[PDB]
Every structure is written in structure tokens, then in C-alpha cells.
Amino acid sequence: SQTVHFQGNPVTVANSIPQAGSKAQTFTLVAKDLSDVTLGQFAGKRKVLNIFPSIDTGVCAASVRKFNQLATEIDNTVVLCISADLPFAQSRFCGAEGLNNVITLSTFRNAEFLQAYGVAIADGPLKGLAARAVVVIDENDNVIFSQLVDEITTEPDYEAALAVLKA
């Protein structure tokens, strides 16, 4: 298990986020029309897993869409914005609005994803939600960047994620 912070308060997160070098575990998640989406449907693309406690917070942080946009301007890249929000709530997400190759996916019937990817919050009020995390997977499903964000309300190292994506 890992420790992150919320309102600078400590939060346990299950297991261990995948490390660069490792093979990405397969998953199934749910798209905005309630269809099932698997990692294998993105075979040969680079994938960013952009993992949030919620994407239904009612505030549209500029940094979210900025990263999503920069990431998908790199050829052969998809960004998967993942959270425990139901598809009904993700359908109006502002960070995917107006951007191709940015897809929202929900964990509501696939809780094993959050365990497998080391991002399941295990205690406190946010128990059951995902931690803030970014995971970059290459064309052959190898992890090439991961970060479990130390303060859930602050930005990931987008600059570092984008550098891996290009390089």
C-alpha cells in the first residue's frame, strides 16, 4: 500500500501503481454509452491513463484539458480519463470536450481495475474512489511512465508524462 494526501491529510491507497518497464494489466471499463471498452481495443496506440477521484466536481481546471490536448496532438496517442463517476455524470466532462482521442471511462462495474492499477483509495471519506494518477502505456502495452500524485488535489507531472510520450 501507498500513502497520498487529501486536504494535506493522509490517505491509504491499495497495492502499488505499475512501474515503468512492467507490462500493463488488461482491463475492462465502461464508456459513456454503457458499452464495455478493453485495453486491447487500443492495440498499437500509445495510451495515457488519466485517473481522477472525480470528473464531476463542477469546476473546470484549465490544466486538465490542456494536458489532454497536448497529449493527443502527439500522433498515435489516446487519453483515457478514468474515474468511479457513472457514465451519466462523465458524459458532460469538460476535459474531453472538443478533443478527439480523449475518451471517458468509468470503473463502476470494474472495481478490480483500481486494485490492479494501485489506485484504489482504501480509507477515509474517499474510500471507493480512485487516487489521482497518470499512467502512460506504449504501443506494445509496456508501462513507460507512472505517477501516483502525492496530494490528490494538485497536478500530476504533466511535463514529465508528455516528455515520455514524445520520446
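Counting begins at 1, following the sequence as shown.
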55-63 set against 32-40, stretch whose average Cα temperature factor tops the other in the entry: 55-63
Entry-level comparison of average CA B-factors, 128-136 and 111-119, reporting the higher stretch: 111-119
Selection from 13, 17, 20, 149 [criterion: highest C-alpha temperature factor in the record]: 20
Residue of maximum C-alpha B factor among 68, 106, 26, 100, per deposited coordinates: 100
Chain-wide C-alpha B factor ranking for residue 4, given as lowest, middle or highest third: lowest
